[PDB]
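Report on the following structure.
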Amino acid sequence: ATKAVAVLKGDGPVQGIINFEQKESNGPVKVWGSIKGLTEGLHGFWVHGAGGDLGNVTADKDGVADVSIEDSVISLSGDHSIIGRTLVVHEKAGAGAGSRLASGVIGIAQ
């Protein structure tokens with residue numbers, strides 16, 4: 001199997017760590033992670049450039065956001081291994097204009 005981890009951080013309160021997983025070169029890439037600091041509402045937090053663009057993420061009263069969804073596209077295994085890409089977040093979904101609030105990097109779960 002293959003595991004991937006990426007540490008994201010905005011300025012101070014904004015912080016999270018998205019985890020990945022793969023069964024084979026063309027296995028289903030399980031998307032799930034735990035973010036915090038954000039505000040109650042949607043938060044488009046995915047890997048820009050790669051094929052891992054999903055809807056948005058939901059936060060809690062204390063910003064605690066939980067991510068748990070399945071999507072076999074990026075495929076972090078084989079020739080099209082997304083492993084080594086960059087992750088970011090948008091100010092809001094359906095915005096169009098807004099500098100990335102945070103930024104990270106995808107890599108094997110050392």
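Within each chain, counting starts at residue 1; across the structure tokens, chains are named A, B, ... in the order shown, with ligands numbered 1 upward in that order.
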Shell of 12 Å around residue 73 of chain A, only C-alpha atoms, local chain residues under 5 positions omitted, as number ranges by chain: A: 22, 25-31, 47, 50-54, 80-82
Name all residues at most 12 Å from segment 93-105 of chain A (count only C-alpha atoms; drop same-chain ones fewer than 3 positions away) and give them as a PDB file with N, CA, C and O atoms, in the first residue's frame.
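That gives us part_23.pdb:
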ATOM      1  N   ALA A   4       0.264   8.829   2.093  1.00  0.00           N
ATOM      2  CA  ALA A   4       0.741  10.182   1.839  1.00  0.00           C
ATOM      3  C   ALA A   4       0.229  11.153   2.898  1.00  0.00           C
ATOM      4  O   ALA A   4      -0.903  11.034   3.368  1.00  0.00           O
ATOM      5  N   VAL A   5       1.070  12.113   3.271  1.00  0.00           N
ATOM      6  CA  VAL A   5       0.701  13.104   4.274  1.00  0.00           C
ATOM      7  C   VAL A   5       1.172  14.497   3.870  1.00  0.00           C
ATOM      8  O   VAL A   5       2.248  14.657   3.295  1.00  0.00           O
ATOM      9  N   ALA A   6       0.357  15.502   4.174  1.00  0.00           N
ATOM     10  CA  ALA A   6       0.691  16.882   3.844  1.00  0.00           C
ATOM     11  C   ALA A   6       0.276  17.830   4.965  1.00  0.00           C
ATOM     12  O   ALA A   6      -0.890  17.869   5.359  1.00  0.00           O
ATOM     13  N   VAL A   7       1.237  18.592   5.474  1.00  0.00           N
ATOM     14  CA  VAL A   7       0.972  19.540   6.550  1.00  0.00           C
ATOM     15  C   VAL A   7       0.666  20.927   5.996  1.00  0.00           C
ATOM     16  O   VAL A   7       1.480  21.517   5.284  1.00  0.00           O
ATOM     17  N   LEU A   8      -0.512  21.445   6.328  1.00  0.00           N
ATOM     18  CA  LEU A   8      -0.925  22.765   5.864  1.00  0.00           C
ATOM     19  C   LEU A   8      -1.026  23.744   7.030  1.00  0.00           C
ATOM     20  O   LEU A   8      -1.354  23.360   8.152  1.00  0.00           O
ATOM     21  N   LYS A   9      -0.743  25.013   6.755  1.00  0.00           N
ATOM     22  CA  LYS A   9      -0.805  26.050   7.778  1.00  0.00           C
ATOM     23  C   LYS A   9      -0.989  27.427   7.147  1.00  0.00           C
ATOM     24  O   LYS A   9      -0.257  27.804   6.233  1.00  0.00           O
ATOM     25  N   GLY A  10      -1.971  28.173   7.643  1.00  0.00           N
ATOM     26  CA  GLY A  10      -2.231  29.500   7.116  1.00  0.00           C
ATOM     27  C   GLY A  10      -1.264  30.537   7.653  1.00  0.00           C
ATOM     28  O   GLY A  10      -0.167  30.705   7.122  1.00  0.00           O
ATOM     29  N   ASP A  11      -1.672  31.236   8.707  1.00  0.00           N
ATOM     30  CA  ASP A  11      -0.835  32.263   9.314  1.00  0.00           C
ATOM     31  C   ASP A  11      -0.542  31.932  10.774  1.00  0.00           C
ATOM     32  O   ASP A  11       0.573  32.127  11.254  1.00  0.00           O
ATOM     33  N   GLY A  12      -1.554  31.429  11.476  1.00  0.00           N
ATOM     34  CA  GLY A  12      -1.385  31.080  12.875  1.00  0.00           C
ATOM     35  C   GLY A  12      -2.367  30.019  13.329  1.00  0.00           C
ATOM     36  O   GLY A  12      -2.001  28.871  13.584  1.00  0.00           O
ATOM     37  N   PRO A  13      -3.648  30.401  13.440  1.00  0.00           N
ATOM     38  CA  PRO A  13      -4.712  29.489  13.869  1.00  0.00           C
ATOM     39  C   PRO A  13      -5.017  28.421  12.823  1.00  0.00           C
ATOM     40  O   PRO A  13      -5.310  27.274  13.160  1.00  0.00           O
ATOM     41  N   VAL A  14      -4.947  28.807  11.553  1.00  0.00           N
ATOM     42  CA  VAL A  14      -5.216  27.883  10.457  1.00  0.00           C
ATOM     43  C   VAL A  14      -4.134  26.812  10.365  1.00  0.00           C
ATOM     44  O   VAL A  14      -2.974  27.111  10.084  1.00  0.00           O
ATOM     45  N   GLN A  15      -4.524  25.564  10.604  1.00  0.00           N
ATOM     46  CA  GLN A  15      -3.587  24.448  10.547  1.00  0.00           C
ATOM     47  C   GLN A  15      -4.323  23.130  10.328  1.00  0.00           C
ATOM     48  O   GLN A  15      -5.433  22.938  10.822  1.00  0.00           O
ATOM     49  N   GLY A  16      -3.696  22.224   9.584  1.00  0.00           N
ATOM     50  CA  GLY A  16      -4.306  20.936   9.313  1.00  0.00           C
ATOM     51  C   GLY A  16      -3.340  19.961   8.668  1.00  0.00           C
ATOM     52  O   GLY A  16      -2.246  20.344   8.254  1.00  0.00           O
ATOM     53  N   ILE A  17      -3.745  18.698   8.585  1.00  0.00           N
ATOM     54  CA  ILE A  17      -2.907  17.666   7.987  1.00  0.00           C
ATOM     55  C   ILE A  17      -3.748  16.648   7.225  1.00  0.00           C
ATOM     56  O   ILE A  17      -4.380  15.777   7.825  1.00  0.00           O
ATOM     57  N   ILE A  18      -3.751  16.761   5.902  1.00  0.00           N
ATOM     58  CA  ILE A  18      -4.511  15.848   5.058  1.00  0.00           C
ATOM     59  C   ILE A  18      -3.749  14.548   4.827  1.00  0.00           C
ATOM     60  O   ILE A  18      -2.547  14.561   4.563  1.00  0.00           O
ATOM     61  N   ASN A  19      -4.457  13.429   4.927  1.00  0.00           N
ATOM     62  CA  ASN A  19      -3.846  12.119   4.727  1.00  0.00           C
ATOM     63  C   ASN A  19      -4.395  11.450   3.470  1.00  0.00           C
ATOM     64  O   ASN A  19      -5.538  11.685   3.076  1.00  0.00           O
ATOM     65  N   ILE A  35      -8.571  19.293   9.802  1.00  0.00           N
ATOM     66  CA  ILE A  35      -8.142  20.686   9.772  1.00  0.00           C
ATOM     67  C   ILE A  35      -8.747  21.472  10.931  1.00  0.00           C
ATOM     68  O   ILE A  35      -9.748  21.062  11.518  1.00  0.00           O
ATOM     69  N   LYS A  36      -8.133  22.605  11.254  1.00  0.00           N
ATOM     70  CA  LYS A  36      -8.612  23.451  12.341  1.00  0.00           C
ATOM     71  C   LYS A  36      -8.266  24.915  12.083  1.00  0.00           C
ATOM     72  O   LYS A  36      -7.443  25.226  11.222  1.00  0.00           O
ATOM     73  N   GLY A  37      -8.897  25.809  12.837  1.00  0.00           N
ATOM     74  CA  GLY A  37      -8.641  27.229  12.676  1.00  0.00           C
ATOM     75  C   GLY A  37      -9.643  27.898  11.758  1.00  0.00           C
ATOM     76  O   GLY A  37      -9.990  29.065  11.950  1.00  0.00           O
ATOM     77  N   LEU A  38     -10.110  27.161  10.757  1.00  0.00           N
ATOM     78  CA  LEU A  38     -11.079  27.691   9.803  1.00  0.00           C
ATOM     79  C   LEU A  38     -12.332  28.185  10.518  1.00  0.00           C
ATOM     80  O   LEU A  38     -12.437  28.100  11.742  1.00  0.00           O
ATOM     81  N   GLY A  41     -18.294  26.958   7.988  1.00  0.00           N
ATOM     82  CA  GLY A  41     -18.695  27.130   6.605  1.00  0.00           C
ATOM     83  C   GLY A  41     -17.840  26.321   5.649  1.00  0.00           C
ATOM     84  O   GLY A  41     -16.885  25.662   6.064  1.00  0.00           O
ATOM     85  N   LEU A  42     -18.182  26.370   4.366  1.00  0.00           N
ATOM     86  CA  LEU A  42     -17.439  25.635   3.348  1.00  0.00           C
ATOM     87  C   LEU A  42     -16.014  26.165   3.225  1.00  0.00           C
ATOM     88  O   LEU A  42     -15.746  27.330   3.521  1.00  0.00           O
ATOM     89  N   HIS A  43     -15.104  25.302   2.783  1.00  0.00           N
ATOM     90  CA  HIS A  43     -13.706  25.684   2.617  1.00  0.00           C
ATOM     91  C   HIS A  43     -13.021  24.801   1.580  1.00  0.00           C
ATOM     92  O   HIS A  43     -12.557  23.705   1.891  1.00  0.00           O
ATOM     93  N   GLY A  44     -12.961  25.286   0.343  1.00  0.00           N
ATOM     94  CA  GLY A  44     -12.331  24.527  -0.722  1.00  0.00           C
ATOM     95  C   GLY A  44     -10.860  24.272  -0.461  1.00  0.00           C
ATOM     96  O   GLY A  44     -10.012  25.104  -0.785  1.00  0.00           O
ATOM     97  N   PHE A  45     -10.556  23.121   0.129  1.00  0.00           N
ATOM     98  CA  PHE A  45      -9.176  22.761   0.436  1.00  0.00           C
ATOM     99  C   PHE A  45      -8.783  21.465  -0.269  1.00  0.00           C
ATOM    100  O   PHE A  45      -9.059  20.371   0.223  1.00  0.00           O
ATOM    101  N   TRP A  46      -8.138  21.599  -1.421  1.00  0.00           N
ATOM    102  CA  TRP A  46      -7.707  20.440  -2.195  1.00  0.00           C
ATOM    103  C   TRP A  46      -6.382  20.715  -2.897  1.00  0.00           C
ATOM    104  O   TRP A  46      -5.820  21.804  -2.777  1.00  0.00           O
ATOM    105  N   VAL A  47      -5.888  19.723  -3.631  1.00  0.00           N
ATOM    106  CA  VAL A  47      -4.629  19.860  -4.354  1.00  0.00           C
ATOM    107  C   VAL A  47      -4.836  20.572  -5.687  1.00  0.00           C
ATOM    108  O   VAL A  47      -5.472  20.037  -6.596  1.00  0.00           O
ATOM    109  N   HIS A  48      -4.294  21.780  -5.797  1.00  0.00           N
ATOM    110  CA  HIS A  48      -4.418  22.565  -7.020  1.00  0.00           C
ATOM    111  C   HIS A  48      -3.488  22.031  -8.104  1.00  0.00           C
ATOM    112  O   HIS A  48      -2.339  21.681  -7.835  1.00  0.00           O
ATOM    113  N   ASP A  53      -9.463  17.813  -7.228  1.00  0.00           N
ATOM    114  CA  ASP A  53     -10.324  18.949  -6.918  1.00  0.00           C
ATOM    115  C   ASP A  53     -11.738  18.484  -6.582  1.00  0.00           C
ATOM    116  O   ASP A  53     -12.436  17.925  -7.429  1.00  0.00           O
ATOM    117  N   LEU A  54     -12.152  18.715  -5.341  1.00  0.00           N
ATOM    118  CA  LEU A  54     -13.483  18.319  -4.893  1.00  0.00           C
ATOM    119  C   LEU A  54     -14.314  19.539  -4.508  1.00  0.00           C
ATOM    120  O   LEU A  54     -13.937  20.674  -4.794  1.00  0.00           O
ATOM    121  N   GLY A  55     -15.447  19.295  -3.857  1.00  0.00           N
ATOM    122  CA  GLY A  55     -16.313  20.383  -3.443  1.00  0.00           C
ATOM    123  C   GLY A  55     -15.648  21.302  -2.436  1.00  0.00           C
ATOM    124  O   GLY A  55     -14.768  22.085  -2.790  1.00  0.00           O
ATOM    125  N   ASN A  56     -16.072  21.208  -1.181  1.00  0.00           N
ATOM    126  CA  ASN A  56     -15.513  22.039  -0.121  1.00  0.00           C
ATOM    127  C   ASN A  56     -15.490  21.288   1.206  1.00  0.00           C
ATOM    128  O   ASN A  56     -16.061  20.203   1.327  1.00  0.00           O
ATOM    129  N   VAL A  57     -14.826  21.870   2.199  1.00  0.00           N
ATOM    130  CA  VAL A  57     -14.731  21.257   3.518  1.00  0.00           C
ATOM    131  C   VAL A  57     -15.582  22.007   4.537  1.00  0.00           C
ATOM    132  O   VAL A  57     -15.759  23.223   4.441  1.00  0.00           O
ATOM    133  N   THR A  58     -16.109  21.274   5.513  1.00  0.00           N
ATOM    134  CA  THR A  58     -16.943  21.870   6.550  1.00  0.00           C
ATOM    135  C   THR A  58     -16.177  22.007   7.860  1.00  0.00           C
ATOM    136  O   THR A  58     -15.400  21.127   8.231  1.00  0.00           O
ATOM    137  N   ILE A  82       0.527  11.555  -8.108  1.00  0.00           N
ATOM    138  CA  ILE A  82       0.433  12.953  -7.707  1.00  0.00           C
ATOM    139  C   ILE A  82       1.440  13.279  -6.610  1.00  0.00           C
ATOM    140  O   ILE A  82       1.745  14.446  -6.360  1.00  0.00           O
ATOM    141  N   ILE A  83       1.955  12.242  -5.959  1.00  0.00           N
ATOM    142  CA  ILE A  83       2.931  12.418  -4.891  1.00  0.00           C
ATOM    143  C   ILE A  83       4.015  13.412  -5.296  1.00  0.00           C
ATOM    144  O   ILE A  83       4.744  13.192  -6.261  1.00  0.00           O
ATOM    145  N   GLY A  84       4.115  14.507  -4.547  1.00  0.00           N
ATOM    146  CA  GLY A  84       5.114  15.518  -4.843  1.00  0.00           C
ATOM    147  C   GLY A  84       4.500  16.810  -5.344  1.00  0.00           C
ATOM    148  O   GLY A  84       5.214  17.720  -5.769  1.00  0.00           O
ATOM    149  N   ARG A  85       3.174  16.891  -5.299  1.00  0.00           N
ATOM    150  CA  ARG A  85       2.465  18.079  -5.755  1.00  0.00           C
ATOM    151  C   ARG A  85       2.306  19.087  -4.619  1.00  0.00           C
ATOM    152  O   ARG A  85       2.812  18.880  -3.515  1.00  0.00           O
ATOM    153  N   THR A  86       1.599  20.177  -4.898  1.00  0.00           N
ATOM    154  CA  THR A  86       1.373  21.217  -3.903  1.00  0.00           C
ATOM    155  C   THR A  86      -0.111  21.361  -3.583  1.00  0.00           C
ATOM    156  O   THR A  86      -0.956  21.317  -4.478  1.00  0.00           O
ATOM    157  N   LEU A  87      -0.421  21.534  -2.303  1.00  0.00           N
ATOM    158  CA  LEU A  87      -1.805  21.685  -1.866  1.00  0.00           C
ATOM    159  C   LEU A  87      -2.065  23.102  -1.364  1.00  0.00           C
ATOM    160  O   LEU A  87      -1.188  23.734  -0.775  1.00  0.00           O
ATOM    161  N   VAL A  88      -3.277  23.594  -1.599  1.00  0.00           N
ATOM    162  CA  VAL A  88      -3.656  24.934  -1.168  1.00  0.00           C
ATOM    163  C   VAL A  88      -5.151  25.020  -0.885  1.00  0.00           C
ATOM    164  O   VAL A  88      -5.888  24.056  -1.088  1.00  0.00           O
ATOM    165  N   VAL A  89      -5.593  26.181  -0.414  1.00  0.00           N
ATOM    166  CA  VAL A  89      -7.002  26.395  -0.104  1.00  0.00           C
ATOM    167  C   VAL A  89      -7.488  27.732  -0.649  1.00  0.00           C
ATOM    168  O   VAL A  89      -6.733  28.703  -0.707  1.00  0.00           O
ATOM    169  N   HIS A  90      -8.756  27.777  -1.048  1.00  0.00           N
ATOM    170  CA  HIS A  90      -9.345  28.997  -1.589  1.00  0.00           C
ATOM    171  C   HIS A  90     -10.129  29.744  -0.514  1.00  0.00           C
ATOM    172  O   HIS A  90     -10.723  29.130   0.373  1.00  0.00           O
ATOM    173  N   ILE A 108       5.072  10.910   0.588  1.00  0.00           N
ATOM    174  CA  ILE A 108       4.913   9.643   1.291  1.00  0.00           C
ATOM    175  C   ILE A 108       4.868   9.856   2.801  1.00  0.00           C
ATOM    176  O   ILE A 108       5.587  10.695   3.341  1.00  0.00           O
ATOM    177  N   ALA A 109       4.018   9.087   3.475  1.00  0.00           N
ATOM    178  CA  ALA A 109       3.882   9.188   4.923  1.00  0.00           C
ATOM    179  C   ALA A 109       5.116   8.640   5.630  1.00  0.00           C
ATOM    180  O   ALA A 109       5.128   7.492   6.076  1.00  0.00           O
TER     181      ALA A 109
END
Picked from chain A by DSSP as strand (DSSP E), as a PyMOL selection string: chain A and resi 2-9+15-22+30-36+42-43+45-47+57-58+65-70+86-89+103-105+107-108
For residue 76 of chain A, which residue out of A:59, A:32, A:107, A:39 is the nearest one, using only C-alpha atoms? A:107
Would you kindly return, as JSON, numbers by chain, each protein, DNA or RNA residue with an atom no farther than 8 Å from any atom of residue 1 of chain A, considering only C-alpha atoms and excluding same-chain residues fewer than 5 positions away? {"A": [21, 22, 23, 24]}
